[PDB]
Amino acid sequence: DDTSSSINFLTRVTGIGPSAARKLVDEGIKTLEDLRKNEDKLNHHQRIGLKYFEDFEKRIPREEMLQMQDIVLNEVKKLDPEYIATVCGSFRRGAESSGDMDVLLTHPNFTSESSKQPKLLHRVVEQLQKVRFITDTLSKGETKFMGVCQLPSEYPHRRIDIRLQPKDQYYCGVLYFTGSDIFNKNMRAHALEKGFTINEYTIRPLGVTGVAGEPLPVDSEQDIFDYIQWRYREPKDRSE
């Protein structure tokens, strides 16, 4: 019990997985105090998770999400109008509150046949840091950024992810990350009944063989619904 309750509290800190949590409790750190007195035992991601432990357990009001959206979309547009940025998650479905901000980013210069273009993403991250919206980085790779942001003022720090997706796979991504999970499940099931398979990257025909063919052209979410003969489903109507 004691061990379990300690392992559960730790897992509430972003970055601290189950294994990492056990190893930590196994070393004598169980409380928030212990953690805060032992940052030297945590990697960068876990340490930032600890720093904003409380803030990260707070919900985000839609009104704030909207202000966050404006900041993101506006800065991106200034860097290059060709950039396309979409805030997904339950927020895109009209949710009155969110737990984090998930942003899908693309640029016509970056397609799936293209090699890595990390600066496409990092340029955006750097600018948002410049305007002081992004305050910390949990981690960042060639196509994904996980960090912390804050509205200027008192405002809680919020979790934000920015994913760079190839232009030719962008809308399948926006669809997937908009959800909900139930809706995605139901849409993929229907796609199958129609001879198509859909994932977060593409929609492909499904030969009677069961083996998916080449990816089909997608230039909007609408195209995906069109392929499977479903009338367009507004994000607000995608609870399931």
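The numbering used is simple: start at 1 and walk along the sequence shown.
- In this entry, no coordinate-free residues of the deposited sequence separate residue 115 from residue 116.
- Comparing the deposited coordinates for 138 to 146 and 158 to 166, the stretch with the larger average C-alpha B-factor is 138 to 146.
- The deposited model assigns a higher average Cα B-factor to 107 to 115 than to the other stretch when 83 to 91 and 107 to 115 are compared.
- By the numbers in the PDB entry, the CA B factor is greatest at 30 among 62, 30, 45, 51.
- Ranked within its chain, residue 230 lands in the middle third, by CA B factor from the PDB record.
- Compared with the other modelled residues of the chain, the Cα B-factor recorded for residue 129 ranks in the middle third.
- Ranked by C-alpha B-factor against the other modelled residues of its chain, residue 19 falls in the highest third.
- For residue 178, the recorded CA temperature factor ranks within the lowest third of the chain's modelled residues.
- The PDB entry assigns residue 172 a C-alpha temperature factor belonging to the lowest third of its chain's modelled residues.
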